[PDB]
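Report on the structure given below.
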Amino acid sequence: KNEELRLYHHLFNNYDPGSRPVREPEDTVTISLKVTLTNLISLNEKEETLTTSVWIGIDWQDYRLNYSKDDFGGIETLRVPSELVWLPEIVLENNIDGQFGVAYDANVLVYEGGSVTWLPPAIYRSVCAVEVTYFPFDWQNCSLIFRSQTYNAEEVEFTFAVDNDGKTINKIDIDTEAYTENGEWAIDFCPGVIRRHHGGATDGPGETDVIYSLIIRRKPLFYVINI
Amino acid sequence: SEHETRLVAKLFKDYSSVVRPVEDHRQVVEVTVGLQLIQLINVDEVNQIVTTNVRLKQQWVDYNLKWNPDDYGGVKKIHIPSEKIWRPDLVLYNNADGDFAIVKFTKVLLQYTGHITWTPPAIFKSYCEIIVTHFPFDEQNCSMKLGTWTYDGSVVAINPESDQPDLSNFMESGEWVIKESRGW
Amino acid sequence: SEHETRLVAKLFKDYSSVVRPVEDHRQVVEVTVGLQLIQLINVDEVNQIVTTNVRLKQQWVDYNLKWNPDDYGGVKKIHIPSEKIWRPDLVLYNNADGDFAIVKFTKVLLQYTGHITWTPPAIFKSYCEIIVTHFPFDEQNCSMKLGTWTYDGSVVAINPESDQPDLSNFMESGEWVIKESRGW
Amino acid sequence: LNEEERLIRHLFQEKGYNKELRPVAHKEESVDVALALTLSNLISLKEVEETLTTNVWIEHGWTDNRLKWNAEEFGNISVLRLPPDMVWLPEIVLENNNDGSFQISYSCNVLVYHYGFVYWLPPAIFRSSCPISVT
Amino acid sequence: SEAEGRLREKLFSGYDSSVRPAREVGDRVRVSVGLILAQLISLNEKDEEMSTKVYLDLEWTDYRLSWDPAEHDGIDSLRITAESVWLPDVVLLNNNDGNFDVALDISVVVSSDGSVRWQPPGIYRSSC
Ligand SMILES: *[C@@H]1O[C@H](CO)[C@@H](O[C@@H]2O[C@H](CO)[C@@H](O[C@@H]3O[C@H](CO[C@@H]4O[C@H](CO[C@H]5O[C@H](CO)[C@@H](O)[C@H](O)[C@@H]5O)[C@@H](O)[C@H](O)[C@@H]4O)[C@@H](O)[C@H](O[C@H]4O[C@H](CO)[C@@H](O)[C@H](O)[C@@H]4O)[C@@H]3O)[C@H](O)[C@H]2NC(C)=O)[C@H](O)[C@H]1NC(C)=O
Ligand SMILES: *[C@@H]1O[C@H](CO)[C@@H](O[C@@H]2O[C@H](CO)[C@@H](O)[C@H](O)[C@H]2NC(C)=O)[C@H](O)[C@H]1NC(C)=O
């Protein structure tokens, strides 16, 4: 008898994916976020659209999905479809094509101790206003803004993921070995910042998001040689 | 959050999304409609089409979706899939070649009073008569006519949330300046 | 069809597609993977994307999908929808702007021994470094990295069916000649 | 809306409405479907692709005697809005499309009147074949 | 159409649309394949693809979908949504855009002897 089936029925026979993983309503769910860029596909100046391929890494705790390996034959990880668990519903707010969500609904990994990890890949087409003044010798500042589509800052908050040494990864992660630079665009900088706002008395509930700022430089060789 | 699970099981045991959400059929559903313009994506002068990114904030009370917070562990608001409940069917009456209605069914915020706020995103492609007499120094008046496609005023009433569209989160355009905006 | 109807009803009575298809969780799922290249659709040098038409033959064994043919009128093989069963989640890691995983869910051929063959089609749009130094007489060494996105080698193992991609049903290209091909 | 809830329960659950079956007493009868077209706007006529793009509101009118009721036994209700997936539909398509969109764009509610008339006004964006005489 | 409802209920009790109809192991299902060309939309030389609009014409016998008309008010044929019956998985193998299937599933016409005729529309982009 596969112990994965026993664990799956133990964690999900009584589980509501529509309710947040909080014991009290006023509690907040802390979401650790990393964004990894695999490719910068293009920057279309005419449509002012940045097309990128990324995978988002989202970690959090769900006390209802808590189990010990000793009670389940030494299982330390359970892969399950993302549709069966509560999700923070992270979306790219500044998309230009109406596509808010991720490209592929990968399985969530449920570790012992209630830790939930979701690593969906995504293709994003985002608004990037092109500063034309020095084109083709120009550099651009394209933002990627991520926020929960449903929950306010009191319900879900964000923190950055940490590396092995514990240093906060407050930037876009890029795997150097697997990275191929865009033919026309070099990524010079990519900081990330967690913003919180609209916490005023008149405004009411607070709001938060995570903005990454790709500072990208054009390689002007084509325009130099041909035009 | 077992309180929320029990509450949601209670609210939708014998609920119907086909039926208009008021206690008596002779009453009118009062819907407050507000438009937030996020971006003026493009003006197509040839086909006479204005494409924009908008948020269509709709507010209305659902008579049957009420509860006492004290009976459910202090829960005063919840988030519900929009497909599950009755909604007004707002349509862009002057849609050019885009979607007629909302296609992104995001979650609604439901209060214990029964008040529902639903702020779906949409890309509106509207038909705007383009006068090219003074092009490139032309001024264009582009409208977005919104209404309940299948409900008349005697059953569902729509009212504006504000005299003007919300342009607080409007991204700057590199081709157009919005001088004036208004809802009637 | 009565025999196969009864067999299918038996097989999917108590089936789970969530868990891995092993008797013991400490066992590894051995998946044989073979890529067949039907067509080389396009090589976009500007955006560095290679578009190909492919069949991704995947073979494994489902422990719980076995039966005795004598108990079912001699049925030794069947065809069942792929969405009902556990599958490996092969993803093109260097996908550029297409689909990351299989989206066309064609039928799996299931043998009575539990052996599954699943040969879905796909359009792979793979990011690849394009060297234009010798264009128009350029050679391009492009790649397609495939792997189980959410499973590691300790729970699901992938092995190549062959040392080379299957080019037996490859349509000739009017722009490119495949000098060499190999899977590692 | 206690009365429309009761009326919908009566029409669809009590009497067992089957939307797969046509509204006829005998299989040999035919359902009269009345059609009208309203042109909201002519989007374009692409000459090179020979395609006409239009926005049209198709008015469909038919009779379904299974969906009749006395308005006075149900609180003077005279009309009902229903999702189109609950009722039988006369599936009309644009035969001469050239992109593969045979069907209407937005499946809006049907209006069902107490005397059995079903009114349905789905709007659609259609891309149709228009051969071009260039002479 | 109460007679049609009773006939449909009788025909689809215990019917599995995912199981190929073969009364005995080894029986082959004969599928007759024809094509009607409604329009030759284009032949794109740049993309090397032919775009056509067609109606397929598929015919096959399903022994499970047979009945005696005299026992069913003389109903000699039915029109059924294609997803409700077993279909042969006939696809355009040489499509150029990744689309293998028909444009609209529509309805099959089933005769009392189990003969099934299906004429789905298709917009196909094939490699040429
Ligand atoms: C690439 O693109 C990114 C994104 O655009 C750039 O980052 C942004 O740069 C802006 C400057 O150009 C930053 O805006 C300034 O931030 C200063 C930080 O001080 C804080 O101010 C807080 C005040 O309240 C903030 O939050 C509320 C939220 O409701 C908002 O309404 C306010 O406007 C304000 O942002 C305060 O609470 C906090 O403790 C800090 O003190 C701020 O001081 C600046 O204000 C000066 O300038 C404004 C100009 O309008 C003026 O009105 C003020 O009086 C004052 O002089 C700015 O607000 C912005 O925060 C950056 N966003 C990030 C990092 O997420 C980035 O620079 C670009 N890179 C390039 C070009 O290389
Ligand atoms: C998941 O369950 C384990 C086991 O109950 C929890 O670990 C226990 O934590 C308490 C303190 O909170 C200790 O007193 C126990 O000794 C621990 N384990 C044992 C052996 O009972 C763990 O904290 C739970 N995780 C979450 C997220 O609640």
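Sequence lines set the chain letters: A, B, ... in the order given, protein chains first and strands last, and positions in each chain run from 1.
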Identify the two heavy atoms, one from [X] and one from [Y], that lie closest to each other, and give their separation to 0.1 Å.
| X | Y | answer |
| --- | --- | --- |
| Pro121(A) | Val102(A) | O-CB, 3.6 Å |
| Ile96(A) | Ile41(B) | O-CD1, 4.3 Å |
| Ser19(A) | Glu4(B) | OG-CG, 3.3 Å |
| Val155(B) | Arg20(B) | O-NH1, 2.9 Å |
| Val91(B) | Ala101(B) | CG2-CB, 4.0 Å |
| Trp86(B) | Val18(B) | CD1-O, 3.6 Å |

Nearest 0.5 Å, please: how far is [atom2] in [Y] from [atom1] in [X]?
| X | Y | atom1 | atom2 | result |
| --- | --- | --- | --- | --- |
| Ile158(B) | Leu90(B) | CD1 | CG | 6.5 Å |
| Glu155(A) | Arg20(A) | CD | CZ | 4.5 Å |
| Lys66(B) | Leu110(B) | NZ | CG | 10.5 Å |
| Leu92(A) | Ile123(A) | CG | CD1 | 12.0 Å |
| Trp60(A) | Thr117(A) | CH2 | OG1 | 8.0 Å |
| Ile85(B) | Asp62(B) | CD1 | CG | 6.5 Å |

Hey, are the side chains of [X] and [Y] touching, using non-hydrogen atoms and a 4.5 Å cut-off?
| X | Y | answer |
| --- | --- | --- |
| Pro120(B) | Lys104(B) | no |
| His60(D) | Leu35(D) | yes |
| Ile104(D) | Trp120(D) | yes |
| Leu21(D) | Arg66(D) | yes |
| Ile80(B) | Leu65(B) | no |
| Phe100(A) | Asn95(A) | yes |
| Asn94(B) | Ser143(B) | yes |
| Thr148(B) | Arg81(D) | no |

If you count the non-hydrogen atoms of other residues, nucleotides and ligands that lie under 6.0 Å from [atom1] in [X], is the total more than 12?
| X | atom1 | result |
| --- | --- | --- |
| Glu172(B) | CD | no |
| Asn2(D) | CG | no |
| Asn68(B) | CG | yes |
| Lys15(D) | NZ | yes |
| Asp24(B) | CG | yes |
| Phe105(C) | CZ | yes |
| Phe170(B) | CZ | yes |

Query raised in the report: Hey, mind stepping through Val50(B) and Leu40(B) against side-chain contact (heavy atoms from CB on, under 4.5 Å) and telling me if it holds?
Result: CA-CA 8 Å; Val50(B) 167; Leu40(B) 175 72; 3.7 Å; yes

Side chains of [Y] and [X]: any donor to acceptor distance under 3.5 Å?
| X | Y | result |
| --- | --- | --- |
| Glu30(B) | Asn159(B) | yes |
| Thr106(B) | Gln149(A) | no |
| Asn95(B) | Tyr106(D) | no |

Requested in this report: Test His10(D) against every option in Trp69(D), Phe74(D), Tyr17(D) by the ring pair (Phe, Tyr, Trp, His ring centres under 6.0 Å) rule and name the one that passes.
Outcome: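 Looking at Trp69(D), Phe74(D), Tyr17(D), the match for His10(D) under the ring pair (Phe, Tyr, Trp, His ring centres under 6.0 Å) is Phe74(D).
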
Measure from the side-chain N and O atoms of [X] to the backbone N and O of [Y], and report whether any donor-acceptor pair falls under 3.5 Å.
| X | Y | answer |
| --- | --- | --- |
| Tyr8(A) | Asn13(A) | no |
| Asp89(B) | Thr150(B) | yes |
| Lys19(D) | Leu89(D) | no |
| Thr208(A) | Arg195(A) | yes |
| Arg182(B) | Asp163(B) | yes |
| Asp64(D) | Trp88(D) | no |
| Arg87(B) | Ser82(B) | yes |
| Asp209(A) | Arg147(A) | no |
| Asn70(D) | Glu72(D) | no |
| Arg26(B) | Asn76(D) | no |

Requested in this report: Run the salt-bridge test on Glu161(B) and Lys57(B) with the 4.0 Å N-O cut-off and return the result as yes or no.
Outcome: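 Salt bridge flag = yes for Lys57(B) with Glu161(B).
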
Query raised in the report: Is the shortest distance from a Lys or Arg side-chain nitrogen in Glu5(D) or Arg9(D) to a carboxylate oxygen in the other one below 4.0 Å?
Result: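 Yes.
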
Query raised in the report: Could you go step by step and tell me if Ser126(B) and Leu92(B) meet the side-chain contact (heavy atoms from CB on, under 4.5 Å) rule?
Result: CA-CA 7 Å; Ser126(B) 61; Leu92(B) 183 68; 4.2 Å; yes

Report summary line: Given the options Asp16(A), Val29(A), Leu65(A), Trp86(A) meets side-chain contact (heavy atoms from CB on, under 4.5 Å) only with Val29(A)

Report task. Under the side-chain contact (heavy atoms from CB on, under 4.5 Å) rule, what do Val22(A) and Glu24(A) come out as? Steps first, then yes or no, please. Result -> CA-CA 6 Å; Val22(A) 292; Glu24(A) 308 291 354; over 6 Å; no

Report task. Measure from NZ or CZ of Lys84(B) to the centre of the six-membered ring of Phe12(B) and say whether it is under 6.0 Å with the direction within 45° of the ring axis. Result ->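 Yes, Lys84(B) sits over the ring of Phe12(B).
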
Query raised in the report: Do the ring planes of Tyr115(D) and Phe117(D) sit parallel (below 30°), tilted (30 to 60°) or perpendicular (above 60°)?
Result: parallel

Report task. Mind checking salt bridge (charged side-chain N to carboxylate O under 4.0 Å, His left out) for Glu157(A) and listing every partner two or more places apart, or none if nothing turns up? Result ->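 Checked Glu157(A) against salt bridge (charged side-chain N to carboxylate O under 4.0 Å, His left out); matches are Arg196(A).
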
Query raised in the report: Going through the checks in order, is the side-chain contact (heavy atoms from CB on, under 4.5 Å) test met by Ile8(D) and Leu82(D)?
Result: CA-CA 9 Å; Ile8(D) 291 164; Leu82(D) 301 167; 4.0 Å; yes

